[PDB]
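Asker: As input, take data_38.pdb (PDB, C-alpha atoms (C1' of nucleotides)):
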```pdb
ATOM      1  CA  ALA F   1       0.000   0.000   0.000  1.00  0.00           C
ATOM      2  CA  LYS F   2       1.090   3.545  -0.777  1.00  0.00           C
ATOM      3  CA  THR F   3       1.921   5.813   2.130  1.00  0.00           C
ATOM      4  CA  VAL F   4       0.103   9.086   2.726  1.00  0.00           C
ATOM      5  CA  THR F   5       2.671  11.630   1.560  1.00  0.00           C
ATOM      6  CA  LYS F   6       2.263  15.419   1.606  1.00  0.00           C
ATOM      7  CA  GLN F   7       0.661  15.785  -1.853  1.00  0.00           C
ATOM      8  CA  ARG F   8      -1.831  13.070  -0.840  1.00  0.00           C
ATOM      9  CA  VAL F   9      -2.890  14.529   2.526  1.00  0.00           C
ATOM     10  CA  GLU F  10      -6.011  16.597   1.911  1.00  0.00           C
ATOM     11  CA  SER F  11      -8.067  14.424  -0.447  1.00  0.00           C
ATOM     12  CA  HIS F  12      -7.265  11.349   1.657  1.00  0.00           C
ATOM     13  CA  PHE F  13      -8.620  13.154   4.722  1.00  0.00           C
ATOM     14  CA  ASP F  14     -11.830  13.862   2.810  1.00  0.00           C
ATOM     15  CA  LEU F  15     -11.930  10.201   1.787  1.00  0.00           C
ATOM     16  CA  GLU F  16     -11.571   9.127   5.406  1.00  0.00           C
ATOM     17  CA  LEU F  17     -14.190  11.676   6.442  1.00  0.00           C
ATOM     18  CA  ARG F  18     -16.585  10.251   3.863  1.00  0.00           C
ATOM     19  CA  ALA F  19     -16.030   6.712   5.123  1.00  0.00           C
ATOM     20  CA  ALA F  20     -16.699   7.745   8.719  1.00  0.00           C
ATOM     21  CA  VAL F  21     -19.978   9.406   7.762  1.00  0.00           C
ATOM     22  CA  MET F  22     -20.965   6.283   5.834  1.00  0.00           C
ATOM     23  CA  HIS F  23     -20.457   4.148   8.938  1.00  0.00           C
ATOM     24  CA  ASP F  24     -22.459   6.625  10.974  1.00  0.00           C
ATOM     25  CA  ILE F  25     -25.253   6.347   8.450  1.00  0.00           C
ATOM     26  CA  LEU F  26     -25.450   2.567   8.462  1.00  0.00           C
ATOM     27  CA  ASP F  27     -25.993   2.119  12.200  1.00  0.00           C
ATOM     28  CA  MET F  28     -28.160   5.207  12.728  1.00  0.00           C
ATOM     29  CA  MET F  29     -30.961   4.129  10.392  1.00  0.00           C
ATOM     30  CA  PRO F  30     -33.550   1.923  12.159  1.00  0.00           C
ATOM     31  CA  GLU F  31     -35.068  -1.409  11.148  1.00  0.00           C
ATOM     32  CA  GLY F  32     -36.723  -1.406   7.752  1.00  0.00           C
ATOM     33  CA  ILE F  33     -36.181   1.508   5.308  1.00  0.00           C
ATOM     34  CA  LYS F  34     -34.890   0.044   2.044  1.00  0.00           C
ATOM     35  CA  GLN F  35     -33.919   3.426   0.565  1.00  0.00           C
ATOM     36  CA  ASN F  36     -30.770   4.255   2.522  1.00  0.00           C
ATOM     37  CA  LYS F  37     -30.081   7.354   0.333  1.00  0.00           C
ATOM     38  CA  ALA F  38     -26.556   7.743   1.720  1.00  0.00           C
ATOM     39  CA  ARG F  39     -25.364   9.526  -1.437  1.00  0.00           C
ATOM     40  CA  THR F  40     -27.949  12.245  -0.765  1.00  0.00           C
ATOM     41  CA  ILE F  41     -26.640  12.582   2.804  1.00  0.00           C
ATOM     42  CA  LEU F  42     -23.078  12.890   1.483  1.00  0.00           C
ATOM     43  CA  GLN F  43     -24.272  15.565  -0.960  1.00  0.00           C
ATOM     44  CA  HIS F  44     -25.902  17.365   1.977  1.00  0.00           C
ATOM     45  CA  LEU F  45     -22.619  17.164   3.903  1.00  0.00           C
ATOM     46  CA  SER F  46     -20.710  18.610   0.934  1.00  0.00           C
ATOM     47  CA  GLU F  47     -23.275  21.401   0.570  1.00  0.00           C
ATOM     48  CA  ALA F  48     -23.115  22.171   4.304  1.00  0.00           C
ATOM     49  CA  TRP F  49     -19.323  22.422   4.168  1.00  0.00           C
ATOM     50  CA  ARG F  50     -19.508  24.624   1.063  1.00  0.00           C
ATOM     51  CA  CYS F  51     -22.039  26.859   2.813  1.00  0.00           C
ATOM     52  CA  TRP F  52     -19.747  27.026   5.838  1.00  0.00           C
ATOM     53  CA  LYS F  53     -16.859  28.138   3.621  1.00  0.00           C
ATOM     54  CA  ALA F  54     -18.869  30.990   2.087  1.00  0.00           C
ATOM     55  CA  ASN F  55     -20.541  32.031   5.410  1.00  0.00           C
ATOM     56  CA  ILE F  56     -23.950  31.197   3.930  1.00  0.00           C
ATOM     57  CA  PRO F  57     -26.742  30.151   6.346  1.00  0.00           C
ATOM     58  CA  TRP F  58     -27.303  26.453   5.676  1.00  0.00           C
ATOM     59  CA  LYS F  59     -30.705  25.091   6.666  1.00  0.00           C
ATOM     60  CA  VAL F  60     -32.510  22.215   4.986  1.00  0.00           C
ATOM     61  CA  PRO F  61     -36.187  22.843   5.867  1.00  0.00           C
ATOM     62  CA  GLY F  62     -37.159  19.211   6.261  1.00  0.00           C
ATOM     63  CA  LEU F  63     -34.318  17.027   7.512  1.00  0.00           C
ATOM     64  CA  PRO F  64     -34.236  14.453  10.340  1.00  0.00           C
ATOM     65  CA  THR F  65     -32.568  15.700  13.526  1.00  0.00           C
ATOM     66  CA  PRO F  66     -29.855  12.982  14.074  1.00  0.00           C
TER      67      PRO F  66
ATOM     68  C1'   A X   1     -67.428 -13.904  -2.873  1.00  0.00           C
ATOM     69  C1'   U X   2     -67.090  -8.293  -0.345  1.00  0.00           C
ATOM     70  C1'   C X   3     -63.896  -5.619   2.995  1.00  0.00           C
ATOM     71  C1'   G X   4     -58.745  -4.004   5.587  1.00  0.00           C
ATOM     72  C1'   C X   5     -53.337  -5.532   6.415  1.00  0.00           C
ATOM     73  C1'   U X   6     -48.601  -7.878   4.856  1.00  0.00           C
ATOM     74  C1'   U X   7     -45.458  -9.913   0.900  1.00  0.00           C
ATOM     75  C1'   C X   8     -43.940 -10.571  -4.239  1.00  0.00           C
ATOM     76  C1'   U X   9     -44.333 -10.287 -10.118  1.00  0.00           C
ATOM     77  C1'   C X  10     -45.436  -6.879 -14.323  1.00  0.00           C
ATOM     78  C1'   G X  11     -46.745  -1.907 -16.833  1.00  0.00           C
ATOM     79  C1'   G X  12     -46.052   4.967 -17.511  1.00  0.00           C
ATOM     80  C1'   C X  13     -44.510   8.067 -13.593  1.00  0.00           C
ATOM     81  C1'   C X  14     -38.469  12.194  -8.580  1.00  0.00           C
ATOM     82  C1'   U X  15     -33.619  10.251  -8.321  1.00  0.00           C
ATOM     83  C1'   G X  16     -21.578  11.485 -10.264  1.00  0.00           C
ATOM     84  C1'   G X  17     -15.153  12.834  -4.646  1.00  0.00           C
ATOM     85  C1'   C X  18     -11.532  16.837  -2.946  1.00  0.00           C
ATOM     86  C1'   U X  19      -8.436  21.483  -3.354  1.00  0.00           C
ATOM     87  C1'   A X  20      -6.943  28.439  -3.695  1.00  0.00           C
ATOM     88  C1'   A X  21     -15.795  29.014  -6.440  1.00  0.00           C
ATOM     89  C1'   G X  22      -9.151  24.628  -8.655  1.00  0.00           C
ATOM     90  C1'   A X  23      -7.310  28.913 -11.544  1.00  0.00           C
ATOM     91  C1'   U X  24      -7.547  32.457 -15.644  1.00  0.00           C
ATOM     92  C1'   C X  25      -9.948  35.322 -19.820  1.00  0.00           C
ATOM     93  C1'   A X  26     -13.689  37.999 -23.289  1.00  0.00           C
ATOM     94  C1'   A X  27     -11.484  44.923 -28.386  1.00  0.00           C
ATOM     95  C1'   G X  28     -12.457  46.423 -34.802  1.00  0.00           C
ATOM     96  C1'   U X  29     -14.002  50.518 -38.737  1.00  0.00           C
ATOM     97  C1'   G X  30     -16.251  54.299 -41.940  1.00  0.00           C
ATOM     98  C1'   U X  31     -20.122  55.943 -46.487  1.00  0.00           C
ATOM     99  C1'   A X  32     -24.506  54.730 -48.934  1.00  0.00           C
ATOM    100  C1'   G X  33     -28.803  51.468 -49.380  1.00  0.00           C
ATOM    101  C1'   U X  34     -32.182  47.355 -48.267  1.00  0.00           C
ATOM    102  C1'   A X  35     -34.884  43.942 -45.024  1.00  0.00           C
ATOM    103  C1'   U X  36     -37.032  42.566 -40.116  1.00  0.00           C
ATOM    104  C1'   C X  37     -38.380  43.797 -34.792  1.00  0.00           C
ATOM    105  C1'   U X  38     -41.145  47.743 -31.548  1.00  0.00           C
ATOM    106  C1'   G X  39     -44.445  52.050 -31.360  1.00  0.00           C
ATOM    107  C1'   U X  40     -48.101  55.239 -33.893  1.00  0.00           C
ATOM    108  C1'   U X  41     -51.785  53.888 -37.199  1.00  0.00           C
ATOM    109  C1'   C X  42     -58.114  53.006 -40.363  1.00  0.00           C
ATOM    110  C1'   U X  43     -66.115  53.971 -39.727  1.00  0.00           C
ATOM    111  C1'   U X  44     -70.117  60.826 -40.232  1.00  0.00           C
ATOM    112  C1'   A X  45     -72.848  62.668 -44.881  1.00  0.00           C
ATOM    113  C1'   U X  46     -73.511  62.963 -50.669  1.00  0.00           C
ATOM    114  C1'   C X  47     -71.075  66.210 -54.424  1.00  0.00           C
ATOM    115  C1'   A X  48     -67.200  69.251 -56.458  1.00  0.00           C
ATOM    116  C1'   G X  49     -61.463  70.747 -57.095  1.00  0.00           C
ATOM    117  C1'   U X  50     -56.676  68.109 -57.329  1.00  0.00           C
ATOM    118  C1'   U X  51     -54.618  63.271 -57.828  1.00  0.00           C
ATOM    119  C1'   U X  52     -54.472  58.102 -59.526  1.00  0.00           C
ATOM    120  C1'   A X  53     -54.390  52.468 -64.421  1.00  0.00           C
ATOM    121  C1'   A X  54     -57.890  52.496 -60.515  1.00  0.00           C
ATOM    122  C1'   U X  55     -57.846  53.190 -55.205  1.00  0.00           C
ATOM    123  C1'   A X  56     -55.520  56.056 -51.586  1.00  0.00           C
ATOM    124  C1'   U X  57     -54.054  61.168 -50.695  1.00  0.00           C
ATOM    125  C1'   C X  58     -56.274  65.846 -51.278  1.00  0.00           C
ATOM    126  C1'   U X  59     -59.243  71.169 -50.037  1.00  0.00           C
ATOM    127  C1'   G X  60     -64.880  73.033 -48.946  1.00  0.00           C
ATOM    128  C1'   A X  61     -71.688  73.137 -46.796  1.00  0.00           C
ATOM    129  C1'   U X  62     -73.159  67.961 -44.266  1.00  0.00           C
ATOM    130  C1'   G X  63     -82.443  69.272 -46.052  1.00  0.00           C
ATOM    131  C1'   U X  64     -84.990  74.385 -46.600  1.00  0.00           C
ATOM    132  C1'   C X  65     -89.464  78.875 -45.094  1.00  0.00           C
ATOM    133  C1'   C X  66     -92.576  80.132 -40.565  1.00  0.00           C
ATOM    134  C1'   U X  67     -93.920  79.201 -35.351  1.00  0.00           C
ATOM    135  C1'   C X  68     -93.554  77.068 -30.358  1.00  0.00           C
ATOM    136  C1'   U X  69     -90.357  75.422 -26.204  1.00  0.00           C
ATOM    137  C1'   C X  70     -80.215  70.321 -29.851  1.00  0.00           C
ATOM    138  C1'   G X  71     -86.822  68.878 -29.781  1.00  0.00           C
ATOM    139  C1'   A X  72     -91.742  69.252 -32.279  1.00  0.00           C
ATOM    140  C1'   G X  73     -96.053  71.098 -35.767  1.00  0.00           C
ATOM    141  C1'   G X  74     -97.663  73.571 -40.512  1.00  0.00           C
ATOM    142  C1'   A X  75     -99.257  75.229 -47.312  1.00  0.00           C
ATOM    143  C1'   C X  76     -94.417  72.508 -47.509  1.00  0.00           C
TER     144        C X  76
END
```
Show me, as structure tokens, the structure contained in the file I just sent.

Answerer:
Amino acid sequence: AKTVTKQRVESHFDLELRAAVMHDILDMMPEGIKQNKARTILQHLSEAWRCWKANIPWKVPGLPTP
RNA sequence: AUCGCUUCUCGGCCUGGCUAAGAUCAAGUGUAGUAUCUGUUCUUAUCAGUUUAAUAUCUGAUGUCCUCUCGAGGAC
């Protein structure tokens, strides 16, 4: 396996961040619910970070609290 | 066999990572003439003048005498 050098820091961190969020999706969702929609949650996370970078108020009007 | 619930098959119907938003930029004439957008356009009465292939344009009065109170009646 390749080491994490300097030019491979930032993207790898994002990759690891994505993986962590994916794990925190898969044990938060209760019994049932076939549509996991984890890609939509990752898109929401990317949009929330992009709204944090531009100091834009980020609020999805309907979104589950956990 | 009717009704409600659960499950599955089939038919039209929402559905692409990260970084410094990853970064940066972006030049023609002049004179005539034509065409297309957009706006303004066209109902008052016959006749005469001008005009015209003809229309259009174009300048002039748009039922008279008497009486009563744009209206009515009388030999008309």

Asker: Smallest atom-to-atom distance to residue 39 (chain F): which of F:22, F:2, F:57, F:66, using only C-alpha atoms?

Answerer: F:22

Asker: Could you work out which residues of chain F fall inside 8 Å of chain X? Count all atoms listed in the file, and format the result as a PDB file with C-alpha atoms, keeping the file's coordinate frame.

Answerer:
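Written output follows (iface_1.pdb):
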```pdb
ATOM      1  CA  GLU F  10      -6.011  16.597   1.911  1.00  0.00           C
ATOM      2  CA  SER F  11      -8.067  14.424  -0.447  1.00  0.00           C
ATOM      3  CA  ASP F  14     -11.830  13.862   2.810  1.00  0.00           C
ATOM      4  CA  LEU F  15     -11.930  10.201   1.787  1.00  0.00           C
TER       5      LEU F  15
END
```

Asker: Go through F:13, F:26, F:59, F:31 and flag the residue nearest residue 44 (chain F), using only C-alpha atoms for the distances.

Answerer: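 Ranked by minimum distance to residue 44 (chain F), first place goes to F:59.
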
Asker: Provide the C1' of residue 61 (chain X) to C1' of residue 74 (chain X) distance in Å, to one decimal place.

Answerer: 26.7 Å

Asker: What is the distance between CA of residue 58 (chain F) and CA of residue 18 (chain F), in Å to one decimal?

Answerer: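 Computed distance, CA of residue 58 (chain F) to CA of residue 18 (chain F), equals 19.5 Å.
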
Asker: Residue by residue, what does the PyMOL selection byres ((chain X and resi 75) around 12) grab here? Present the result as a PyMOL selection string.

Answerer: chain X and resi 65-66+74+76

Asker: How would the residues just chosen look if you wrote them out with C-alpha atoms (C1' of nucleotides) as a PDB file, keeping the file's coordinate frame?

Answerer:
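What follows is the written file out_26.pdb:
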```
ATOM      1  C1'   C X  65     -89.464  78.875 -45.094  1.00  0.00           C
ATOM      2  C1'   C X  66     -92.576  80.132 -40.565  1.00  0.00           C
ATOM      3  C1'   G X  74     -97.663  73.571 -40.512  1.00  0.00           C
ATOM      4  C1'   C X  76     -94.417  72.508 -47.509  1.00  0.00           C
TER       5        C X  76
END
```

Asker: Rounded to one decimal, what separation in Å do you get between CA of residue 49 (chain F) and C1' of residue 25 (chain X)?

Answerer: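 Going from CA of residue 49 (chain F) over to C1' of residue 25 (chain X) covers 28.8 Å.
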
Asker: Find the residues around residue 38 (chain F) up to 8 Å (all atoms listed in the file counted), leave out those fewer than 2 positions away in its own chain, and share them as a PyMOL selection string.

Answerer: chain F and resi 22+25+36+40-42

Asker: Assuming 3 Å of padding per side, give the centre and edge lengths of the axis-aligned box around every listed atom of region 19-24 of chain F, in Å to one decimal and as AutoDock Vina command-line options.

Answerer:
```
--center_x -19.2 --center_y 6.8 --center_z 8.0 --size_x 12.4 --size_y 11.3 --size_z 11.9
```

Asker: What lies within 12 Å of region 44-49 of chain X using all atoms listed in the file, ignoring chain neighbours under 5 positions off, as a list in words?

Answerer: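 Everything that qualifies: residues 58, 59, 60, 61, 62 and 63 of chain X.
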